[PDB]
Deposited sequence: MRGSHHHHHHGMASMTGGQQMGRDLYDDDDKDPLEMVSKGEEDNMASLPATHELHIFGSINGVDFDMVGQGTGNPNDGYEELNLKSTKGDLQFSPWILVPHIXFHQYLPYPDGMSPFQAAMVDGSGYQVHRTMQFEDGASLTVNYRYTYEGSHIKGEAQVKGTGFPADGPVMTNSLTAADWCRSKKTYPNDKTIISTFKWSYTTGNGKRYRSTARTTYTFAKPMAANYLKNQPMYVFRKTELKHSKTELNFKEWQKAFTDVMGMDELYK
């Protein structure tokens, strides 16, 4: 079933699920540069106007594009050798909302197909998500640790800026589960930090996303 692949050059995403019990579904194509972490993605809704801020899909909308300082990231390594990994992210927001995302990928040569299943609940109807008041997301530093040879934990504090210049805050915990053990040399450099920035242009039915990533032993 699983075959060896290459460093990624192109990708696609099917992201779907529900926010406050209302279904959404988006599909589209992207590209990126595995030598510096950069990604671009276009998504189009297949179920009409999004009923919530498209910014809530950031950061969730491909660490296979992330290099490490002295070679491939474990995420990259697992694509190239084909064995891969699965991802579970939980995010809790300061107003009590929460969001889970589960990812599965398949690989063919330099192309990734991603499936991201989202469940968000508890967003207040007058909050910044359900009122489309999010305008931006801050630079964010993630901390990556390895509790065993098949697991990476990524944690980060997350913030959006609203239309009023307020901060909407959350924390995230992401668990990466590798099919096969990671190389021992990864375990010897803990933690790894990754600094990322995101950009989003959107309508109610389409978005264009960009991400920059840089890992540091620091």
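Asker: Just jot down which stretches of the deposited chain sequence have no CA coordinates, in the order they come.
Answerer: Residues lacking C-alpha coordinates: 1-41, 103, 261-269.
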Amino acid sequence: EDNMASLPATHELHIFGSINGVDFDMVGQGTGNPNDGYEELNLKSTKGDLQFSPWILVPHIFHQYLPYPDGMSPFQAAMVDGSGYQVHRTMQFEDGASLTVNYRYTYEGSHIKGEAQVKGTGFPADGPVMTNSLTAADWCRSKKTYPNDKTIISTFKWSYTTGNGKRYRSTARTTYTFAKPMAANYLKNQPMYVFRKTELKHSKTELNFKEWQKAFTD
From here on, numbers count along this sequence of modelled residues.
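Asker: Comparing average C-alpha B factors as deposited, tell me which of 31-39 and 187-195 sits higher.
Answerer: 187-195 has the higher mean C-alpha B-factor.
Asker: May I ask you to compare 131-139 and 105-113 by their mean CA B factor in the entry and name the higher one?
Answerer: According to the PDB entry, the answer is 131-139.
Asker: If you check the C-alpha B-factor for each of 170, 161, 46, 53 in the entry, which is highest?
Answerer: Comparing C-alpha B-factors across 170, 161, 46, 53, the top value belongs to 161.
Asker: Tell me, lowest, middle or highest third: where does the Cα B factor of residue 11 rank within its chain?
Answerer: Lowest third.
Asker: Which third of the chain holds residue 74 when residues are ordered by C-alpha B factor: lowest, middle or highest?
Answerer: Middle third, going by the recorded CA B-factors of the chain.
Asker: Please place residue 67 in the lowest, middle or highest third of its chain according to the CA B-factor in the PDB entry.
Answerer: Answer is middle: the recorded C-alpha B-factor places it there.
Asker: Give the position of residue 18 by CA B-factor within its chain, expressed as the lowest, middle or highest third.
Answerer: Its C-alpha B-factor belongs to the lowest third of this chain's values.
Asker: Looking at the temperature factor on the CA atom of residue 85, which third of the chain's modelled residues does it land in?
Answerer: It belongs to the middle third of the chain when residues are ordered by C-alpha B-factor.
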